[PDB]
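Colleague: See run_26.cif below, with mmCIF, N, CA and C atoms.
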data_coords
loop_
_atom_site.group_PDB
_atom_site.id
_atom_site.type_symbol
_atom_site.label_atom_id
_atom_site.label_comp_id
_atom_site.auth_asym_id
_atom_site.auth_seq_id
_atom_site.Cartn_x
_atom_site.Cartn_y
_atom_site.Cartn_z
ATOM 1 N N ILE A 1 121.181 157.587 67.536
ATOM 2 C CA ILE A 1 121.871 156.287 67.408
ATOM 3 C C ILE A 1 120.899 155.144 67.667
ATOM 4 N N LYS A 2 120.977 154.116 66.839
ATOM 5 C CA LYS A 2 120.108 152.958 66.967
ATOM 6 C C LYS A 2 120.934 151.681 66.938
ATOM 7 N N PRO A 3 120.456 150.618 67.601
ATOM 8 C CA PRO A 3 121.131 149.320 67.605
ATOM 9 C C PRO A 3 120.795 148.494 66.368
ATOM 10 N N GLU A 4 120.206 149.160 65.377
ATOM 11 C CA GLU A 4 119.727 148.513 64.161
ATOM 12 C C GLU A 4 118.754 147.393 64.495
ATOM 13 N N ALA A 5 117.607 147.799 65.000
ATOM 14 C CA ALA A 5 116.576 146.880 65.449
ATOM 15 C C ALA A 5 115.485 146.629 64.387
ATOM 16 N N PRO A 6 115.049 147.652 63.598
ATOM 17 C CA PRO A 6 114.042 147.452 62.541
ATOM 18 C C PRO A 6 114.591 146.658 61.353
ATOM 19 N N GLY A 7 115.013 145.435 61.626
ATOM 20 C CA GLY A 7 115.578 144.587 60.595
ATOM 21 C C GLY A 7 114.802 143.299 60.442
ATOM 22 N N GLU A 8 113.666 143.230 61.117
ATOM 23 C CA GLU A 8 112.778 142.086 61.014
ATOM 24 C C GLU A 8 111.545 142.479 60.218
ATOM 25 N N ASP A 9 110.527 142.935 60.920
ATOM 26 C CA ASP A 9 109.349 143.497 60.275
ATOM 27 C C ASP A 9 109.018 144.849 60.875
ATOM 28 N N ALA A 10 108.740 144.856 62.179
ATOM 29 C CA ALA A 10 108.562 146.086 62.944
ATOM 30 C C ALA A 10 107.183 146.657 62.672
ATOM 31 N N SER A 11 106.283 145.766 62.285
ATOM 32 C CA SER A 11 104.900 146.121 62.033
ATOM 33 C C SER A 11 103.967 145.346 62.952
ATOM 34 N N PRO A 12 103.957 143.998 62.869
ATOM 35 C CA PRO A 12 103.125 143.187 63.743
ATOM 36 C C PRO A 12 103.533 143.343 65.197
ATOM 37 N N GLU A 13 104.845 143.344 65.457
ATOM 38 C CA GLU A 13 105.319 143.511 66.831
ATOM 39 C C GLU A 13 106.835 143.628 66.975
ATOM 40 N N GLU A 14 107.560 143.796 65.886
ATOM 41 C CA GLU A 14 109.007 143.922 65.998
ATOM 42 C C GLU A 14 109.397 145.347 66.360
ATOM 43 N N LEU A 15 108.403 146.221 66.475
ATOM 44 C CA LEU A 15 108.638 147.577 66.945
ATOM 45 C C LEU A 15 108.442 147.633 68.455
ATOM 46 N N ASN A 16 107.472 146.877 68.950
ATOM 47 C CA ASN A 16 107.313 146.712 70.388
ATOM 48 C C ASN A 16 108.585 146.106 70.958
ATOM 49 N N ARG A 17 109.047 145.039 70.325
ATOM 50 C CA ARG A 17 110.292 144.426 70.732
ATOM 51 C C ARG A 17 111.479 145.209 70.201
ATOM 52 N N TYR A 18 111.217 146.266 69.446
ATOM 53 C CA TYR A 18 112.270 147.196 69.068
ATOM 54 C C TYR A 18 112.678 147.945 70.319
ATOM 55 N N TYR A 19 111.673 148.412 71.053
ATOM 56 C CA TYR A 19 111.898 149.100 72.321
ATOM 57 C C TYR A 19 112.225 148.108 73.426
ATOM 58 N N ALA A 20 111.854 146.857 73.209
ATOM 59 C CA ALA A 20 112.063 145.802 74.181
ATOM 60 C C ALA A 20 113.462 145.225 74.071
ATOM 61 N N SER A 21 113.925 144.999 72.847
ATOM 62 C CA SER A 21 115.291 144.559 72.632
ATOM 63 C C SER A 21 116.231 145.707 72.960
ATOM 64 N N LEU A 22 115.772 146.915 72.651
ATOM 65 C CA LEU A 22 116.477 148.131 73.026
ATOM 66 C C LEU A 22 116.536 148.230 74.539
ATOM 67 N N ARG A 23 115.412 147.957 75.195
ATOM 68 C CA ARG A 23 115.360 148.037 76.653
ATOM 69 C C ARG A 23 116.164 146.912 77.299
ATOM 70 N N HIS A 24 116.091 145.716 76.727
ATOM 71 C CA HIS A 24 116.841 144.576 77.244
ATOM 72 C C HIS A 24 118.332 144.840 77.130
ATOM 73 N N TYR A 25 118.734 145.342 75.969
ATOM 74 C CA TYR A 25 120.111 145.733 75.739
ATOM 75 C C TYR A 25 120.494 146.861 76.684
ATOM 76 N N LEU A 26 119.596 147.828 76.847
ATOM 77 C CA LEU A 26 119.821 148.960 77.740
ATOM 78 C C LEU A 26 120.075 148.485 79.167
ATOM 79 N N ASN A 27 119.099 147.761 79.695
ATOM 80 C CA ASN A 27 119.186 147.164 81.026
ATOM 81 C C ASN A 27 120.474 146.358 81.199
ATOM 82 N N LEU A 28 120.928 145.720 80.124
ATOM 83 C CA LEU A 28 122.152 144.935 80.171
ATOM 84 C C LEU A 28 123.386 145.807 80.151
ATOM 85 N N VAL A 29 123.479 146.603 79.112
ATOM 86 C CA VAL A 29 124.670 147.390 78.821
ATOM 87 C C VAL A 29 125.077 148.275 79.994
ATOM 88 N N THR A 30 124.104 148.742 80.764
ATOM 89 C CA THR A 30 124.396 149.513 81.959
ATOM 90 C C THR A 30 124.830 148.579 83.104
ATOM 91 N N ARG A 31 125.327 147.396 82.732
ATOM 92 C CA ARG A 31 125.780 146.387 83.686
ATOM 93 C C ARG A 31 126.828 146.963 84.623
ATOM 94 N N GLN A 32 127.759 147.710 84.051
ATOM 95 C CA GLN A 32 128.830 148.314 84.831
ATOM 96 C C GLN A 32 128.366 149.630 85.453
ATOM 97 N N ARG A 33 127.424 150.291 84.770
ATOM 98 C CA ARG A 33 126.926 151.618 85.144
ATOM 99 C C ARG A 33 128.017 152.681 84.998
ATOM 100 N N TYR A 34 129.090 152.538 85.759
ATOM 101 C CA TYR A 34 130.237 153.422 85.640
ATOM 102 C C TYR A 34 131.443 152.634 85.143
#
Could the structure of this file be written out as structure tokens, please?
Modeller:
Amino acid sequence: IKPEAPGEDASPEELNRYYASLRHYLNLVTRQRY
């Protein structure tokens, strides 16, 4: 499952921020944890 992140370029650095937007979303979404 993906948050559909490779929708920019994902070559110069949208893949780094692919894991970063993924990580930011991750860090966020686990807001409730349970």
Colleague: Can you pull out the residues contacting residue A:15? Cut-off 8 Å, using all atoms listed in the file, and skip same-chain residues under 6 positions away; I want them as a PyMOL selection string.
Modeller: chain A and resi 5-6+8-9+21
Colleague: Report, in Å to a single decimal, how far apart atom CA of residue A:20 and atom CA of residue A:1 are.
Modeller: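 Separating atom CA of residue A:1 from atom CA of residue A:20 is a distance of 15.9 Å.
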Colleague: Quote the spacing between atom CA of residue A:26 and atom CA of residue A:2 in Å to one decimal place.
Modeller: 11.5 Å
Colleague: Could you tell me how far atom C of residue A:22 sits from atom CA of residue A:7, in Å to one decimal place?
Modeller: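 It comes out at 14.4 Å.
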Colleague: Could stretch 13-27 of chain A be completed with N, CA, C and O atoms and returned as a tab-separated table (two decimals), in the coordinates of the input?
Modeller:
chain	number	residue	atom	x	y	z
A	13	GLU	N	104.84	143.34	65.46
A	13	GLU	CA	105.32	143.51	66.83
A	13	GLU	C	106.84	143.63	66.97
A	13	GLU	O	107.35	143.60	68.09
A	14	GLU	N	107.56	143.80	65.89
A	14	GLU	CA	109.01	143.92	66.00
A	14	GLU	C	109.40	145.35	66.36
A	14	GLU	O	110.57	145.65	66.53
A	15	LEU	N	108.40	146.22	66.47
A	15	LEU	CA	108.64	147.58	66.94
A	15	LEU	C	108.44	147.63	68.46
A	15	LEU	O	109.17	148.33	69.17
A	16	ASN	N	107.47	146.88	68.95
A	16	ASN	CA	107.31	146.71	70.39
A	16	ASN	C	108.58	146.11	70.96
A	16	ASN	O	109.17	146.62	71.92
A	17	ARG	N	109.05	145.04	70.32
A	17	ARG	CA	110.29	144.43	70.73
A	17	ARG	C	111.48	145.21	70.20
A	17	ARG	O	112.62	144.86	70.47
A	18	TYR	N	111.22	146.27	69.45
A	18	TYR	CA	112.27	147.20	69.07
A	18	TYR	C	112.68	147.94	70.32
A	18	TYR	O	113.86	148.05	70.64
A	19	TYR	N	111.67	148.41	71.05
A	19	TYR	CA	111.90	149.10	72.32
A	19	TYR	C	112.22	148.11	73.43
A	19	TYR	O	112.81	148.47	74.44
A	20	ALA	N	111.85	146.86	73.21
A	20	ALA	CA	112.06	145.80	74.18
A	20	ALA	C	113.46	145.22	74.07
A	20	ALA	O	114.11	144.97	75.08
A	21	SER	N	113.92	145.00	72.85
A	21	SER	CA	115.29	144.56	72.63
A	21	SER	C	116.23	145.71	72.96
A	21	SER	O	117.32	145.51	73.51
A	22	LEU	N	115.77	146.92	72.65
A	22	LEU	CA	116.48	148.13	73.03
A	22	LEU	C	116.54	148.23	74.54
A	22	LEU	O	117.58	148.53	75.11
A	23	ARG	N	115.41	147.96	75.19
A	23	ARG	CA	115.36	148.04	76.65
A	23	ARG	C	116.16	146.91	77.30
A	23	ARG	O	116.83	147.13	78.30
A	24	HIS	N	116.09	145.72	76.73
A	24	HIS	CA	116.84	144.58	77.24
A	24	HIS	C	118.33	144.84	77.13
A	24	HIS	O	119.09	144.60	78.07
A	25	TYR	N	118.73	145.34	75.97
A	25	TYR	CA	120.11	145.73	75.74
A	25	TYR	C	120.49	146.86	76.68
A	25	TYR	O	121.57	146.85	77.26
A	26	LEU	N	119.60	147.83	76.85
A	26	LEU	CA	119.82	148.96	77.74
A	26	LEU	C	120.08	148.49	79.17
A	26	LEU	O	121.12	148.77	79.76
A	27	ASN	N	119.10	147.76	79.69
A	27	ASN	CA	119.19	147.16	81.03
A	27	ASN	C	120.47	146.36	81.20
A	27	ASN	O	121.04	146.31	82.29
